[PDB]
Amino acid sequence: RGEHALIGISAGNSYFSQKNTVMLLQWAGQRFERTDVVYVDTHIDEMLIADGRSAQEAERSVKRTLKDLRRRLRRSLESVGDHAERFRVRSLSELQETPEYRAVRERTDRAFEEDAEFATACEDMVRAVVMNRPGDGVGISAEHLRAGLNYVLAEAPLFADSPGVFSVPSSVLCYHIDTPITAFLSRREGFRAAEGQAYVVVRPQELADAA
């Protein structure tokens, strides 16, 4: 009955096992006319470099991480299967090529420079991304924050304006608790995401509860 859902899958987010992916896909497949699945493949290497890996190590790591993500996502779509084409699944890097994304990104970039609330909110999200990053790093530096900012600004068109990114009248961003987007969503209040933009918390036991 709903118009559009977005399921964003970060290489970090350990919620996205095959089991959890399948249930979420099924849940969305039942509730939404269209669903985009976007896996975030961009800017990860910069964070590994912040942590102190060489460029070559970081590109090797990212490649591997993304291979694992894609294989698992392919397995998840198989497990739903006989209408997997019901989902449009793209990398963020592919999405970034589209005019739809670019037009929105113009707007979010500008908002970040020009709107104090939005910038603080993004920055809070940056800290959540950093503080929750893969691997054995503990300390933050200016380089982590820069990496995180690049990462978060790339995502921002999707969390600010999915209607415009995906060309739909309304879009529900599905998120899990304790993820970096929840740091953006909690930041102090009169700013508004695009009309039609919504954010729906998905709790695995409520999924299983409904299915």
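Numbering starts at 1 and runs along the sequence shown.
The deposited model assigns a higher average Cα B-factor to 43 to 51 than to the other stretch when 43 to 51 and 159 to 167 are compared.
Averaged over their C-alpha atoms, the temperature factors of 23 to 31 and 147 to 155 are higher for 23 to 31. Of the candidates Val89, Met131, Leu73, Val104, the one whose C-alpha carries the top B factor in the deposited record is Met131. Sorting the modelled residues of the chain by their CA temperature factor places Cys122 in the middle third. Remark: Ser17 belongs to the highest third of its chain, ranked by C-alpha B-factor as recorded.
When the modelled residues of the chain are ordered by their C-alpha B factor, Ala142 lands in the highest third. Among the modelled residues of its chain, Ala11 has a C-alpha B-factor that falls in the highest third according to the deposited record.
In the PDB entry, a CA B factor belonging to the lowest third of its chain's modelled residues is recorded for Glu94.
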